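All remarks here apply to the structure that follows.
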Amino acid sequence: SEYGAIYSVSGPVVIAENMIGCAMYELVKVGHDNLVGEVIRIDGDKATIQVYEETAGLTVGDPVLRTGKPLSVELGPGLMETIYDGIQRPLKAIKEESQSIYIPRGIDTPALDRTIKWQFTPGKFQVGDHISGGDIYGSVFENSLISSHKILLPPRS
Amino acid sequence: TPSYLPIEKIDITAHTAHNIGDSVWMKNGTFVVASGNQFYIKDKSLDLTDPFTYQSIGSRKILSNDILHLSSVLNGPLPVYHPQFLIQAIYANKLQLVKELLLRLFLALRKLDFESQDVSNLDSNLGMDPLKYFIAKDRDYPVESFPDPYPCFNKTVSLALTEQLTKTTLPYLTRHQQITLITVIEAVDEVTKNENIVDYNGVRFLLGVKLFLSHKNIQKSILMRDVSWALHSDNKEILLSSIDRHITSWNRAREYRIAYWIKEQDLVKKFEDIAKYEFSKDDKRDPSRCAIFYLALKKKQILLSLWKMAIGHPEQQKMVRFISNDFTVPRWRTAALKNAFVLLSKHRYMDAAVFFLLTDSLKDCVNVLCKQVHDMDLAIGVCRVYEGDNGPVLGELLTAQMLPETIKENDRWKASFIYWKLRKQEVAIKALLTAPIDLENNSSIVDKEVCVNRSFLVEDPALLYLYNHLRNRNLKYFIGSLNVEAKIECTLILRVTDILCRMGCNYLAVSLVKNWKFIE
């Protein structure tokens with residue numbers, strides 16, 4: 001299954017077993033708190049993970065869930081005027097959700113606010129037109145300074 | 001040109017500061033102006049120092065220096081030797097008449113020189129019997145003969161005329177009009193040679209291109225008028241062989257718009273030759289330029305060899321390793337599509353079209369050629385060489401990319417061409433008369449108020465001459481409805497005259513109305 005097991009823990013480095021079929025730089029959820037980490041090396045069924053949270057309390061045998069994706073950043077409106085936690089999760093939303101002065105271990109918060117309504121306006125492309133990666137197919141008003149946030153097709157689409 | 005041109009500035013202010021009291025024309029153009037108790041009657045003569053008179057008269061030569069005579073030179077019936085009259089008498093089926101008028105012009109000029117008379121005495125009608133202009137059909141023209149030294153227009157008369165027209169300045173003609181007259185002499189010389197081979201839509205095309213060559217400064221490609229003259233000719237091979245010497249590069253196969261009209265069986269050969277040339281350009285060998293022509297022909301193997309022998313090119317190693325695959329395989333089809341869409345984002349539009357054609361996705365190669373590369377001329381060529389002469393992808397391309405702009409611009413040459421390539425001949429012939437926005441629910445494409453209108457809608461007499469040709473060959477589509485067709489023929493005949501009359505060719509307007517055959 002997608003569940004490997006923690007074999008060794010030392011500082012930020014967690015070596016997990018039963019991790020055959022794991023890709024390099026793939027994100028993984030380590031432990032029961034689902035700490036985010038990245039597979040840095042693969043050696044047979046043993047995958048070495050750099051955990052991006054505090055590893056204190058991680059037990060040998062704890063589940064390690066493959067995510068199938070690399071460490072990714074969300075790119076779009078709602079990115080200026082914001083502060084982020086090293087990884088792409090937002091600190092203000094974290095404080096508002098946890099209602100505490102700390103950053104909970106393994107908290108999951110969408111990087112970009114998914115409740116803000118953005119005033120999209122389509123660009124120069126129409127139905128039947130060919131679009132490739134980087135093509136600005138619209139723009140949204142983000143703030144008075146960034147008045148037109150270009151909406152680009154993903155680079156590999 | 002502007003529809004009106006000033007010819008004088010009667011400046012009474014140069015003598016008194018009082019404003020003009022009253023102004024009144026009178027007998028013979030006498031323009032009486034009053035101020036106080038003191039009149040400023042100006043005769044109908046002209047002062048050549050005025051900028052307006054100097055600019056309006058231009059380079060012309062006029063018998064009298066008058067506002068009345070000047071207004072009868074800038075306007076009114078053309079002298080029968082005016083180039084704008086000869087090309088319009090050639091577009092009308094009156095070539096023999098133009099040859100006779102050129103012969104008479106030569107004879108009159110020789111008469112003037114022999115008697116040492118001034119050229120300004122030259123007769124405007126060259127002593128022509130007006131009934132000659134009214135002859136219904138070219139082969140019914142009574143082509144009389146003249147005395148032995150110059151009995152009929154031919155090469156000798158042509159050279160003599162081209163010498164005389166440089167040794168004399170014809171009256172009423174701006175020097176540029178005289179240059180175009182010389183080019184018309186040359187065009188008639190060419191037509192007389194080809195007159196026994198090409199039908200008369202070949203002669204109109206030949207004169208169109210010969211006039212194009214003299215206007216490459218302001219005209220960047222033969223008008224769609226000439227493309228439509230050639231497209232409906234039965235001798236496209238002769239026209240192509242006549243203009244072949246100029247088609248060396250693609251930029252010159254795009255000036256003559258060969259992709260539109262030349263026969264597919266010649267378009268294949270012309271793509272082969274243009275590929276040869278585009279490869280060995282001035283700069284160096286580069287299979288990037290000639291890729292599209294070799295893929296459109298379905299000659300990927302020749303392109304692969306071309307890449308191989310291009311050892312110096314930086315892209316050579318990637319392209320040889322990529323193109324060699326067999327693109328019927330789904331994986332390689334998708335790989336080629338991916339590469340095509342990557343090249344479209346790296347701003348390499350021509351290469352994107354090439355790759356989109358490797359996989360046989362013509363609908364995407366032609367859309368990258370006509371929308372991002374801006375070559376509808378090359379898109380039509382690729383459509384016609386790759387898939388076939390008429391449709392189906394060509395039909396969709398024309399209906400999507402050209403039909404909207406044609407409707408907005410209210411162009412009927414393009415509309416007829418489009419409905420011909422869609423092999424909708426019955427409405428393609430009608431599109432010449434009625435504006436495109438009124439055809440085949442085209443009002444659904446653009447709101448009628450977005451289209452061009454007002455004075456910008458200047459008619460085109462040739463547009464009718466083509467119809468009367470097609471109408472007579474395609475009678476099968478017109479026997480079913482006669483009254484409705486007549487209701488618009490009788491409108492466009494009266495709107496084609498009244499420009500043949502407004503452009504000085506009155507003699508041709510009377511011929512058009514006199515000879516038009518209503519299909520009873």
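Taken together, the values in this text are just the output of simple stated rules run on the coordinates, not laboratory data. Don't worry about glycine lacking a Cβ; one is built from the backbone with ideal geometry, like all the others, and counts go over all protein chains shown.
Of note:
- Legend: residue pairs B:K216/B:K346; B:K346/B:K424; B:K281/B:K346; B:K210/B:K308, Cα-Cα distance threshold 31 Å; pairs beyond threshold, B:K216/B:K346; B:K346/B:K424; B:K210/B:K308.
- Taking amide H as placed 1.01 Å from N in the peptide plane, the amide H of A:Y7 sits under 5 Å from that of A:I15, A:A16, A:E17, A:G61, each at least 5 places away or on another chain.
- Of the residues B:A415, B:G76, B:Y467, the one whose Cα sits farthest towards the positive end of the charge dipole of chain B is B:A415 (charges of +1 on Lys and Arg Cβ, -1 on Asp and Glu Cβ, taken about the Cα centre).
- Quarter the surface of the alpha carbon convex hull of chain B and you get the mean projected area, 33.3 square nanometres.
- Relative contact order for region A:85-157, counting Cα pairs under 8 Å that sit 6 or more residues apart, in percent: 21 percent
- Given +1 at the Cβ of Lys and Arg, -1 at the Cβ of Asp and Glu and no other charges, the dipole of chain B around its Cα centre is 1740 debye to the nearest 20.
- Placing +1 on the Cβ of every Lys and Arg and -1 on the Cβ of every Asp and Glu, with nothing else charged, gives region B:12-86 a dipole about its Cα centre of roughly 180 debye.
- When chain A is treated as a GNM with alpha-carbon contacts under 10 Å, the residue of A:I49, A:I40, A:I101 showing the greatest mean-square fluctuation is A:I101.
- Across region B:1-123, C-alpha contacts under 8 Å between residues 6 or more apart give a mean separation that, scaled by the residue count, equals a relative contact order of 16 percent.
- Residues whose amide H lies under 5 Å from that of B:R502, counting only those 5 or more places away or on a different chain, are absent; hydrogens are built 1.01 Å from N in the peptide plane.
- In this structure, the residue pairs whose Cα-Cα separation is over 30 Å, taken from B:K220/B:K371; B:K61/B:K408; B:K363/B:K414; B:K94/B:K487; B:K284/B:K414, are B:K61/B:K408; B:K284/B:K414.
- Taking amide H as placed 1.01 Å from N in the peptide plane, the amide H of A:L35 sits under 5 Å from that of A:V30, each at least 5 places away or on another chain.
- For q = 0.11 Å⁻¹, Debye-computed log10 I/I(0) when each Cα of region B:112-206 counts as one equal scatterer: -0.42
- Remark: mean inter-chain Cβ contacts per residue of A:21-34 equal 0, using a 10 Å Cβ-Cβ cutoff to other protein chain atoms.
- Only one residue of A:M80, A:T67, A:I101 has its Cα farthest out toward the positive end of the dipole of region A:59-157, where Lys and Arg carry +1 and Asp and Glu -1 on Cβ, and that residue is A:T67.
- 3J(HN,Hα) along region A:110-118: x, 5, 9, 4, 9, 10, 6, 8, 9 Hz, from the Karplus curve 6.51 cos²θ - 1.76 cosθ + 1.60 with θ = phi - 60°, whole Hz, x for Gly and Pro.
- Rough spin-label spacing in nm, given labels placed 7 Å along Cα→Cβ, for A:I116 and B:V510: 8.0 nm
- Shown here for region B:350-425: trypsin sites (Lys or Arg not before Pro) in loop regions (DSSP other than H, G, I, E, B) with at most 14 other Cβ atoms within 10 Å, namely B:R423.
- Helix-only [θ]222 nm of chain B, DSSP H runs n ≥ 4, -39500 (n - 2.57) each, per residue, nearest 500: -15000 deg cm²/dmol
- Relative contact order (%) - region A:16-66, alpha-carbon pairs under 8 angstrom, separation at least six: 40 percent
- Taken about its Cα centre, the protein assembly as shown carries a charge dipole of roughly 1300 debye when the Cβ of each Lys and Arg holds +1 and the Cβ of each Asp and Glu holds -1.
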